[PDB]
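**Q** got a sequence here, can you model it:
(one chain, ligands or ions: 1)
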Amino acid sequence: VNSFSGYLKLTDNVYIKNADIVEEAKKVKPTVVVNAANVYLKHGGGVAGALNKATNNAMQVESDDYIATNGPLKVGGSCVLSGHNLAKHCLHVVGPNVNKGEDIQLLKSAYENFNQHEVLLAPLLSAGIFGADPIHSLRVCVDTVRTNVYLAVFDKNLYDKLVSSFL
Ligand SMILES: O[C@@H]1CN(c2ncnc3[nH]ccc23)C[C@H]1F
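**A** Numbering: from 1, shown residues only. Find the structure here:
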């Protein structure tokens, strides 16, 4: 039993809710919140820009030190950093950005990072400003993640379409 509330159950291990991941994180304080990161951990917009703003830019400060030490992530890769005031940990995961020409096949690799964590709050990777089809992102998620994932979809209209079209 965990403290996630109001989610529709899609499969044995995948749940979905129309919610602002920032507000969800602030309420639940999950062990892991997933960020829709880029390789440079530049949290300018989308989910990443919103999560960083909620940390008062502390996420960006930590991220800049990480990059200065380690260099950029791989597309499809991840790193674990602090969750600041939102969660114990933030798993920064880089899904392909279609608006940069990045291979959508790397989306499965991106979701594989979730399997290193027993429970996660997460957005749909590569959705929104990353330019992938969120219906496709959901299918890959369900077919790849085996740990317990609670998906927050900010857009209510998108939430309804994902549920109604889910196979
Ligand atoms: O529409 C897609 C999904 N997405 C979000 N998903 C969940 N919570 C959120 N909070 C702020 C943004 C946001 C950003 C965009 F890439």
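
**Q** hmm, stretch 57-68 touching the ligand?
**A** No - for a cut-off given as Cβ under 6 Å from any ligand atom, stretch 57-68 has no contacts with the ligand; the smallest distance is 13.6 Å. All C-beta spots, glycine's among them, are computed from the backbone N, C-alpha and C.

**Q** what is the neighbour count of residue 55?
**A** Using other Cβ atoms under 10 Å, the number of residues around residue 55 comes to 19.

**Q** does it touch residue 84 like I think?
**A** Yes - distance between residue 55 and residue 84: 4.1 Å, which falls inside the contact criterion (Cβ atoms under 8 Å).

**Q** any idea how far the nearest residue to residue 85 once chain neighbours are set aside is from residue 132?
**A** Here the nearest residue to residue 85 in space, its sequence neighbours aside, is residue 55; by Cβ to Cβ, 6 or more residues apart in numbering that works out to 6.1 Å. Residue 55 is 26 Å from residue 132, where distance means Cβ to Cβ, to the nearest Å.

**Q** where exactly do the strands run in the chain?
**A** Listed in chain order, the strands of the chain (DSSP state E) span 8-9, 14-18, 32-36, 78-82, 89-93, 119-122, 148-153.
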